[PDB]
Amino acid sequence: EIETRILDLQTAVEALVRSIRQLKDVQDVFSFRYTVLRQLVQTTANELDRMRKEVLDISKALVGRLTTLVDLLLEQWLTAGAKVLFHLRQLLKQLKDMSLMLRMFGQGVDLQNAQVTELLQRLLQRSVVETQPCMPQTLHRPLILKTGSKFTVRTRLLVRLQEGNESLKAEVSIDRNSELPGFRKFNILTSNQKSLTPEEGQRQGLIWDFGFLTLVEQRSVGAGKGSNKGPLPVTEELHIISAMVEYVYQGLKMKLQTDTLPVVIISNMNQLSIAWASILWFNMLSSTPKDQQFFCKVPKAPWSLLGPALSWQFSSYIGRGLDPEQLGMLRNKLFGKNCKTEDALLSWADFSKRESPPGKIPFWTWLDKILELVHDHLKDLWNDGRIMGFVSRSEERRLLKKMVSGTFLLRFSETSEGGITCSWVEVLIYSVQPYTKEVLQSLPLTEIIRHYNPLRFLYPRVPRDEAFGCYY
Amino acid sequence: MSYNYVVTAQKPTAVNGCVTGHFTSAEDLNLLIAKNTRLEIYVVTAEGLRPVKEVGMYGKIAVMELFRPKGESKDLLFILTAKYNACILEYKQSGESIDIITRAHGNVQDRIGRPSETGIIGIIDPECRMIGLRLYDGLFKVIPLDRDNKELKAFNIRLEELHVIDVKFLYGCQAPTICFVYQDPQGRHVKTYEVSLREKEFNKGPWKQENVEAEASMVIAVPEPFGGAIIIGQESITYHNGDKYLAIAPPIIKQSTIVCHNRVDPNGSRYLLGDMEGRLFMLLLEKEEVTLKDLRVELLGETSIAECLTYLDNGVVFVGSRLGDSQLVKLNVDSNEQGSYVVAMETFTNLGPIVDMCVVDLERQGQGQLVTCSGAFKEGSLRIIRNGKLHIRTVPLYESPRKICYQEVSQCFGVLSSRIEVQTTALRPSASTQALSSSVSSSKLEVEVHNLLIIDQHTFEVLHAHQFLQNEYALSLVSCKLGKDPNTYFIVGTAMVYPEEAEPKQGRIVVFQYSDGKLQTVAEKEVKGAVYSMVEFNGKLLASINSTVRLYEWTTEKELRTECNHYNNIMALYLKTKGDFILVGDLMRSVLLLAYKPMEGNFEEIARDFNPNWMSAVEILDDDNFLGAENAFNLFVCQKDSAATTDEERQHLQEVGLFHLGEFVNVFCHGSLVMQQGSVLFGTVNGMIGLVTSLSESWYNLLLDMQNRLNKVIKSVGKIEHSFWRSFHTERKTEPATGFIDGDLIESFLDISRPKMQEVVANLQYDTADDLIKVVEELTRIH
Amino acid sequence: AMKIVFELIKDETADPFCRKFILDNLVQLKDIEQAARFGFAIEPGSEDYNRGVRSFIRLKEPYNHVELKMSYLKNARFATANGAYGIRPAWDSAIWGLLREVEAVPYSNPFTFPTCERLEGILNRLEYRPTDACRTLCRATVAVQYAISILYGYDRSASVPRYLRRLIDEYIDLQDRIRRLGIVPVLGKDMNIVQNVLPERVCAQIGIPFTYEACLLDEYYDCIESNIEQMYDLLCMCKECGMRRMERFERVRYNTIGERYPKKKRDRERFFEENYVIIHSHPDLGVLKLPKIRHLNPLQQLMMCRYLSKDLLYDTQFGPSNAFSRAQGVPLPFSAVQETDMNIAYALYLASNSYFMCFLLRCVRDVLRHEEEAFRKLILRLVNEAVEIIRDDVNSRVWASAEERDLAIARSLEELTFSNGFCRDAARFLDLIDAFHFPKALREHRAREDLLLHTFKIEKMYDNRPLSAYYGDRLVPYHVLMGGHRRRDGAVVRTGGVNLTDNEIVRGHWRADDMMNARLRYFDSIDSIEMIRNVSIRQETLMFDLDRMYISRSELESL
Ligand SMILES: [Zn+2]
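Residues numbered from 1 in each chain as written, not as in the entry; some residues may be left out. Chains lettered and ligands numbered in written order. Heavy atoms only, no water. Residues with missing side-chain atoms left out of burial classes, pairs and counts.

1. So, the overall build of chain B
Part 1: Helix and strand content of chain B: six helices and 59 strands.
Part 2: Computed over C-alpha atoms, the radius of gyration of chain B comes to 28 Å, within 12% of the 28 Å expected from 2.2 N^0.38 for 783 residues, which places it in the range of a compact globule.
Part 3: Counting only C-alpha atoms and orienting by the principal axes, one finds that chain B spans roughly 85 × 70 × 50 Å. (Helix = DSSP H or I, 4+ residues; strand = E, 2+ residues; numbered from the N terminus. Rg over C-alpha atoms; globule rule 2.2 N^0.38 Å.)

Structure (structure tokens):
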């Protein structure tokens, strides 16, 4: 019962209110014995004690059932669950005021009320950063900020309840506890507030989209350059952006704190490719929003984690994700063509600084240059599947010896920094010069394949007239 | 629908009030008797009073003032309309013509405020510069008295004291200072306040508050020379020129408290006083060589319970008694057993208050007489009013007249009475002492016990003063046939009300029979508590009691058993049975229509007036139209609305006919003042004999537009709109009268001028001009 | 001696208007020479100080430090004379203060607040700083601003129109308890007589259905008077009610002659109806006609009408110490009556509560009806005399850039209906003030700059403040740090224009009790939120930076 275990809890708590309205009646005549001119005084006293016994017994069973609903965890589950605990505080507040006339009974409601406010402080904090902090200028590299520019972040909670007319004002604080040596200070120089109207909360949700958040170039008060650029560089420094959530509902003053994921803030725009490599290396080995000392110690990640991590740079950016056939050549270009193991612990320094043979190009600079050239000319030949993508010369020269003659393929050149190249077999496999984006600017590769005839059947047998027919 | 013609046969004779002074001239004294709906000017002559003209007014006079302001030769009459409309009146003459004009005009009605049950106190300051009006408890309205002020406007001064007993002015002082007795839970006391028109507030007066008795009520103003304030409570008569205390406490005053007073001497040495019994008193102020030296009292004989006294010339005092007839009393030097230094100079007639009456034509053959039970106690007299035209035969009973019915087996008049006896030796010689036979009731199941005193029709002598037991008080009396016996039994609903109990729990309805001079008892039917007015339903005795309305069946074995059990009623104060419809008049449930069913045995609730109005008198005209009177002087005729849609609204009586009357109806009757389409008569307290004539549909439209076109032509003194006045004083709804024809206005056309007749008949062409002059004479020939 | 140096943060960017106020009222410190007048003798022994940082400023003279942010200057405009809806002004600053006390109220009796009678006595006491003809137009706004926080303030803390809505919901729950008498065994034909008192049968006796409007007319109370007395003669017979039974029995007999009842009965007691009380707060209302309730002790009746005349029984219902009132009874105390059981007496007790709650429902309704007319009397009289003063200012300005804007807006305030309906007329009245171009001598720009000077402890315009402004002025610095009451203009009240109508006050907004659970609670300690610091600062304590130090303009002129 993923959707029924919440609706039945509404009438379950309301069933106790059906006996509370009748309990007040027995409590009213009990107080009527004040200054009576007396055998019925003791009769109502013992009757009220037995009538207040089943009220506290069944209420304890509903407490344990509400705790199991939170341990299961989508948004609609805590919607109706929060309204149950909200109206529950209305029947115990009037019962505590009515038990002050010597009812033993006043202490029985305090132990049950303490568990209500304790569970409310557990589910509210548990309830999240939907929209990750990303800049509008970033294309497919989120979690990257810049000094002087603005960014947005949404800490929307699953709860969809708000007060009648109370605007839940919340704030976003950046760089308040992450002032450790190696981290720079960045403070918003403009309003960091969010006026959450009740209307947009009871029907949409507690959306706290903090927008227009500027940044300043500042350092630590007492230690500037060197201290903040030592253990952690500008491109590799983590900054946790806190968010003080203030939720008020019938005197329930709570000041939550939903910490977002650590981001990297740079002081320039040319260092966007290097700063993005530090983010991918952080969200791969772990996924914790609180981290201070992560890049101080050199990490070692195997190839099992770099597989699906690199596929997000083409699936979201262009469209087609990295197939397992493309990931087979990235391991050989970093460790060796005759590699047999897969648990090779790759360090962080060997990801953007170690050159890749035989091209003598670093791994990060080679992949970044590939996605840049194909995003302006090869965008229509990647998504549909006209090319295979990253294919090394060791594996390309093996499959061509088992096919027929006259067929050609389109892969990526490894001797250059990227671009496009062609190869065919007539046994002998030919090769052409790698064409960069400068050649495709005056004329794309669509007319090059047609008007060239060695090119006939595109991998494997697709005629050059049917594959590139829609691009003419 | 419901169209009725309300016309009066006789003008109200009860003296509501009187004020004397030089109204017409500067040397001619004039007694302006301010009665109900009229103000009559009387020239003080050697023969007494000389009427010149009676100027009619809209309703009663709340405040009457006859004062001459600085720089005036004619008394400025001040009349306050009952709808709180103030207007300054001025006497005007142009050749011995009575034409009172109007100096100023302005309404003083307030939307909110608790009305003073004691009364609206209207007084004028000795300097004649402001108007002291006490409209509500704690709300004083003062109107600036200016020579060039035509719009009367009164500002609200929040009197600090919420409730006050009596407000007066300090005569003798050179400032606008007042002397008023306020009412507090800690005790009533007197205080002085200054009405300064420059600050529009009350200010500390000459002296501080004074500790008086906790019973002091009437406040008598001390004239200019003496100075100070005389306050008479239940007994003590205190004097307060300044912080001086001169209180005399005559034991005789303790019993009969002082109600009215009169200033004989302008100095203030001789101040005539009036108690609640009629005994004439007179204070003796001697100026100590101005401070008072001593204070004495004397007895000047007993009169009819008075209300307003005015001093005339040559030692003449007008006794404006409301209970009983008013007599001009001339102060003389004569002395007798009671030391009455007064004589009865003149005697005027009075008809109210009419407690009960009936139309009997035994020797009248039509044109039945009106046996009005006027007056009370010693003034209780059966004025035999008979049309010739109206001859009045006073029958003094010296006892309070209660209920009177018609007996056709002995040609007499059975009248209930409650004489007053000091706790029990008698005080006044009532008709019981002058009766022929006296006996007490058989069964047993200061003081005013009920006694049955049957009086003859021709001899006017009490044949049998059959009194009842101690603590036995009757409330109803039925002298009609009961069952198959044609003898008019005397079903008297008496009650054993003990002086120690607080709720009615014991009672005994006895039945008697008058047989040739003998009051012989039949049987008795003890009940629980006090019963109300009952009317025999087709002979069958229909009981009233209080909340339970029953129907006692008369058998042949001398036994009266109940047969109904109606509990919906709360009070049967005004129970009437007509045909099959049983109309019970409740105080709060108003009109309730019932219907007896022999197959069931209970009165079924069919119609009920939805308005919760306080009833005063009911009357059944037809089977669908029923006239009802309210305590706020308003008439209303409801129609049977039992043919609607929803079953809930079918039990609601639709009130369409609505009228603004003005008089308080106490009892209804059936008859006319002409021998051999309306014969509805009723007796009022003010003494107005009224006739309701059920007009037809063709005759209602003939006077509908005629009355509306006459309100803008014939106006009263003050340019007051007639239709505006014709509005109800009902708290629930203040509305103009709808569905009735005011006879008073129609009467004005008989004595109207000749050219004024064409101004109201030219806009009507009955299928006209001269026809409207002849058809109005038939409306006055029926009484 | 005991100086104070502020510190302004660079947050909230830079506005062109804020730069003129700071340059003309604040001085930014840089090095040590510009701050040597306050005793800033820094010894260069501190490590952080020597590291090029301005930290560890050594001070010979102790002072006070304020962490001021620019955000607080943007909020200052909502804390000045012209704040939420205040008038633009020497005494106008103190006017805004006392006006916030009327709005920010936890549970104080709404009757204690100044009503129309005393408000006028203060209207002529307002003072202004530089024309004389323009002072009447500025003062003509506070006469209607008092009704914005009460009359026009629907669903807000301690308000008269919003208090009616709570009485309707409480009257419905009260009738549900009296119909549960028979249902609940603990609480023959006795269970059917109580059902007649319910409004389901009372409204049927007149001809109107049972809705949420029949319990507000004056004719409805006349029908319930007959059903109350019917429970006192059948269900009860105690010696207390028995005395009043003989009074109504002899009253109908004294009416046969047309006379009243003199002082004859000596064993009579002070009944509840003959209680002469009046609301001291209300200028003029008249003696209240108290109902003829019984079953009350003579010592408990005097204390009931004491609070009625003063606080109309509000504290025992909504306010402080409300738990002790439920032990005895908010509408009527738990009295004892003989010849009745604990269930018999309980029935007639709930019927007497509805007889008093319905009577009190018409009292609070009528008191505001009279007040809506009392406020309309001074409003209609003010617009008749304020339009004449501004008319003479136009003729004098013509005979002698803001001349044509006066005659075009002087006739726009004459087309208002001023009656309901009347709620939309007040929204367009404040719009004419913004269209009137004030001269440079008296604008809002200067008023805001002057506000900050009064907030500091080195400058003060007025020392004495009214009692209402005594607690009200504590809310001015509150808004500067965090503005609780934001700009409440005409536009916002237009959308929720709940006119003073029986079919609008009860209906309309129904789910407004959620914010009231935290509204009153918040106002309890809202008068103690003032950002101020007075701790002494030593050489190595409270170390900040010299460049961030800010001082007022009046501080440099005093040295
Ligand atoms: Zn009782």
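And the narrative resumes.
2. What about the packing of aromatic side chains?
Part 1: The final tally for this structure, using the stated rule, is 57 aromatic pairs over all chains.
Part 2: With a centroid separation of 5.1 Å and an interplanar angle of 75 degrees, the aromatic rings of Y254(C) and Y261(C) are classed as edge-to-face.
Part 3: Judged by its relative accessible area of 37%, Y261(C) falls in the partly exposed class.
Part 4: These aromatic residues form a ring-pair network of at least three members: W281(A), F282(A), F294(A), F295(A), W348(A), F351(A), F363(A) and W364(A).
Part 5: Its end group placed over the ring of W382(A), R320(A) keeps NZ or CZ at 4.5 Å from the ring centre. (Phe/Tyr/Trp six-rings, centres within 6.5 Å; stacked < 30°, edge-to-face > 60°. Buried < 20%, exposed > 50% of the residue type's maximum accessible area, 1.4 Å probe, protein only. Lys NZ or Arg CZ within 6 Å of the ring centre and 35° of its normal.)

3. A word on helix α19 (residues 444-455) of chain C
Residue and element names in this part refer to chain C.
Part 1: Over its twelve residues, α19 extends 17 Å from the first C-alpha to the last, a length consistent with the 16 Å expected when each residue adds 1.5 Å.
Part 2: If you check which residues of α19 are buried, you get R446, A447, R448, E449, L451, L452 and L453.
Part 3: Residues of α19 that are buried sit in contact with α1 (16-23), α3 (71-75) and α21 (475-481). (Expected span 1.5 Å × (residues − 1). Contact = heavy atoms within 4.5 Å.)

4. Re the coordination of the zinc ion
Residue and element names in this part refer to chain C.
Part 1: For the zinc ion, the protein coordination sphere consists of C236 (SG), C238 (SG), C241 (SG) and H295 (NE2), at 2.1 to 2.3 Å.
Part 2: If you look at the zinc ion, its four donor atoms make angles of 86 to 154 degrees with each other, and the shape they trace is irregular.
Part 3: Written as a sequence motif, the donor residues of the zinc ion are C-x1-C-x2-C-x53-H. (Donors = N, O, S within 2.8 Å, 3.2 Å for Na, K, Ca; no water. Tetrahedral: all angles 85-135°; square planar, octahedral: opposite > 155°, others 65-115°.)

5. With respect to the interface of chain A and chain C
Part 1: Taken together, the contact pairs 35 residues of chain A with 30 residues of chain C.
Part 2: Carbon and sulfur atoms make up 57% of the surface buried where chain A meets chain C, a total of about 3000 Å² over both sides.
Part 3: Where chain A packs against chain C, one counts ten residue pairs in polar contact.
Part 4: Secondary-structure elements contributing two or more residues to the side of chain A that touches chain C are α1 (8-31), α2 (39-51) and α4 (75-98) of chain A. (Buried area = accessible area lost by both parts, 1.4 Å probe. Polar contact = N/O pair within 3.5 Å; in protein donor to acceptor, adjacent residues only side chain to side chain.)

6. Thoughts on the sheet that holds strand β26 (residues 308-311) of chain B
Paired through backbone hydrogen bonds, the strands of a sheet run either parallel or antiparallel to each other.
All names here are of chain B.
Part 1: With antiparallel pairing, four strands are arranged side by side in an open sheet as β26-β27-β28-β29. Two strands in the sheet have a free side with no partner beyond their single neighbour: β26 and β29 (342-347). The sheet shows a mean angle of 25 degrees between the axes of neighbouring strands, taken without regard to direction.
Part 2: With three bridges joining them, strand β27 (residues 316-320) and strand β28 (residues 327-331) adopt antiparallel strand pairing. Looking at β28, one finds that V316 is bridged to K330. (Pairing = 2+ DSSP bridges. Axes fitted to C-alpha atoms, helices over the stretch in contact; angles between N-to-C directions.)

7. Topic: the pairing of strand β14 (residues 407-411) of chain A
All names here are of chain A.
Part 1: With five of five residues buried, β14 is to be regarded as a mostly interior element.
Part 2: Residues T407, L409 and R411 of β14 are buried on one face, and the alternating residues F408 and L410, pointing to the opposite face, are buried as well.
Part 3: Sheet topology note: the β14/strand β16 (residues 457-458) ladder contains two bridges and is parallel. Considered in β16, the bridge of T407 is made with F457.

By themselves, these are just geometric observations and shouldn't be taken as functional.
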